[PDB]
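Below is one structure, written out as structure tokens; the observations come after it.
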There are 2 protein chains.
Amino acid sequence: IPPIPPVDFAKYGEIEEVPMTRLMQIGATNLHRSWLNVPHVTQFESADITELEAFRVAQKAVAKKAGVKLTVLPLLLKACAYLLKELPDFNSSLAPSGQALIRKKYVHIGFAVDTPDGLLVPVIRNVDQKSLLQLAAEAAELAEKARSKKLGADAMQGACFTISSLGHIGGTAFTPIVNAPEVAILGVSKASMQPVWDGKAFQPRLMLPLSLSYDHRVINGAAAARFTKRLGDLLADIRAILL
Amino acid sequence: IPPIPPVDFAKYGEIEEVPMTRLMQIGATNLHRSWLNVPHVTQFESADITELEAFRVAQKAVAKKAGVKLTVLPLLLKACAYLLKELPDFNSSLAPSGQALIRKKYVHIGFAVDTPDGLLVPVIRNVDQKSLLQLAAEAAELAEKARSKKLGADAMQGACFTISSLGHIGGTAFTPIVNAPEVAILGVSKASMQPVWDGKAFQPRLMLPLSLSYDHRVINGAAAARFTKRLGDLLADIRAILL
């Protein structure tokens with residue numbers, strides 16, 4: 001792969017060399033290994049979370065009595081675990097012989113935490129088996145452990161899918177990079193009030209933007225549009241997870 | 001216990017003797033044994049199921065694709081299993097030494113089916129672990145088995161709590177009898193549109209009437225009002241079961 005010509009950057013003005021933490025360099029290498037290895041496609045969709053938000057906000061009492069803050073993330077984690085069980089090609093990996101996929105029978109999901117030294121993706125194990133407030137607490141713990149360099153590498157391992165949420169900073173949608181050997185990563189952005197046709201007039205609904213990137217070798221376009229559609233359906237009525 | 005004086009009933013008109021099935025006589029004896037043994041109290045409450053009904057009705061597609069009809073019963077079964085876990089004195093029994101309660105760590109719930117030969121109460125085991133459509137199917141199976149005399153006695157055993165639903169025939173509330181050695185039975189009646197104060201005006205909400213009878217020896221009045229209140233809360237937003 002042809003390298004970039006070196007440029008003498010100080011010919012154009014003052015420069016200064018800051019160095020990279022080992023975590024950024026590790027990060028850097030893994031992403032470039034994902035990028036050259038995975039033919040990426042991104043599927044955009046946005047979900048109606050007007051009702052999910054109201055749920056979230058009404059349960060602020062309960063959540064505080066349990067010491068967890070309830071955010072959208074445990075609600076995202078729960079719906080994607082249901083779905084990763086319904087559509088198992090998403091919960092799997094290409095075997096190194098290129099000719100089989102390892103379907104994992106377990107659901108562990110990581111999520112991106114951006115710390116000072118770099119990106120960490122702590123994994124929550126068997127997300128399918130935990131409740132909203134369990135997930136809430138654990139997510140929170142692992143994030144502080146991650147910020148405070150106290151996350152032992154055991155916890156960065158063997159995830160089946162990654163969620164990257166930037167809803168807290170902003171943006172309309174992005175195209176995340178798959179953490180190979182996983183096969184898909186959900187990027188989530190800022191929710192906004194949007195007019196939505198109700199058959200007669202435009203209603204304001206709160207809409208969460210979602211960006212699913214996938215490994216096109218394993219997941220085709222119709223499988224991915226069916227996954228973000230189902231996910232949009234589950235987030236608009238989380239009670240469907242009950243049945 | 002003093003017996004009833006025999007009356008010669010044919011002195012007043014024509015009589016006719018029809019006999020009792022063994023099932024009615026069994027039924028009869030068990031209820032009288034419950035009645036003389038359990039000091040009963042009934043707690044009335046009614047729950048707002050306007051949203052639960054809409055859920056139920058929107059998922060008619062899914063339910064039919066799975067072959068189960070979704071009724072209010074699997075939704076009742078699920079909420080009472082959550083609750084029987086939260087308030088364990090309800091899921092327990094008085095030890096025969098009268099001085100201890102056996103807390104059961106399992107949740108199996110029966111429900112009354114009134115057949116031609118008598119009342120049968122098939123039990124669904126580990127209701128806490130089944131989903132709405134699993135529960136839907138099983139309930140349905142056991143009921144037909146019950147009508148068709150094909151329910152083997154194994155299935156009438158070791159329930160922790162009974163639901164008796166008469167919502168399908170009518171009535172405003174009733175006072176069911178506890179199936180000793182269980183300690184509580186939920187009776188459910190016909191839902192009706194009722195005006196409910198919203199702080200400013202009366203809104204029509206669909207209200208399900210509930211009648212919890214309990215064994216006052218084991219459950220006190222405040223524990224039972226807290227159980228139907230929590231149950232009313234869970235049926236008004238079944239998503240609380242998720243957290």
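Ordering of the structure tokens sets the chain letters (A, B, ...); residue numbers start at 1 within each chain; ligands are numbered from 1 in the order shown.
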(message) Would you pick out the contacts of region 225-242 of chain A at 10 Å or less, using only C-alpha atoms, so that residues sharing its chain but fewer than 4 positions from it are not included, and give the list as a VMD selection string?
(response) (chain A and resid 42 to 53 55 75 to 76 78 to 84 86 to 87 90 186 207 to 212 220 to 221) or (chain B and resid 52 55 59 62 75 78 130 to 133 237 to 242)
(request) Tell me, as an MDAnalysis selection string, which residues lie within 9 Å of region 181-183 of chain A, counting only C-alpha atoms; anything in the same chain fewer than 5 positions away does not count. (result) chainID A and resid 34 38 89:94 159:162 213:216 218:219
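Between CA of residue 177 (chain B) and CA of residue 120 (chain B) the interatomic distance comes to 14.2 Å.
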Need the shell around region 144-150 of chain A: protein/DNA/RNA residues with any atom at most 8 Å away, counting only C-alpha atoms. Skip same-chain ones fewer than 6 positions apart. Format as a PDB file with N, CA and C atoms, in the first residue's frame?
```pdb
ATOM      1  N   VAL A 113     -15.914   4.658  24.872  1.00  0.00           N
ATOM      2  CA  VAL A 113     -15.720   5.715  25.855  1.00  0.00           C
ATOM      3  C   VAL A 113     -14.479   6.419  25.343  1.00  0.00           C
ATOM      4  N   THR A 115     -11.615   8.637  26.340  1.00  0.00           N
ATOM      5  CA  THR A 115     -10.854   9.114  27.486  1.00  0.00           C
ATOM      6  C   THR A 115      -9.696  10.031  26.983  1.00  0.00           C
ATOM      7  N   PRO A 116      -8.899  10.643  27.874  1.00  0.00           N
ATOM      8  CA  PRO A 116      -7.755  11.486  27.533  1.00  0.00           C
ATOM      9  C   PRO A 116      -6.616  10.810  26.807  1.00  0.00           C
ATOM     10  N   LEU A 120     -11.584   3.751  24.548  1.00  0.00           N
ATOM     11  CA  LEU A 120     -11.631   2.451  25.166  1.00  0.00           C
ATOM     12  C   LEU A 120     -12.975   1.819  24.869  1.00  0.00           C
ATOM     13  N   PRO A 122     -14.997  -0.802  26.701  1.00  0.00           N
ATOM     14  CA  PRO A 122     -15.420  -1.763  27.694  1.00  0.00           C
ATOM     15  C   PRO A 122     -16.585  -2.580  27.194  1.00  0.00           C
TER      16      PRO A 122
END
```
(message) Using only C-alpha atoms, can you tell me which of A:169, A:139, A:155, A:68 comes closest to chain B?
(response)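 Using only C-alpha atoms, chain B sits closest to A:68.
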(request) Using DSSP on the backbone coordinates, identify all residues within region 92-232 of chain A classified as strand (DSSP E); present the result as a ChimeraX atom specification. (result) /A:92-94,101-103,109-111,113-114,119-120,123-124,161-165,184-188,192-197,202-215
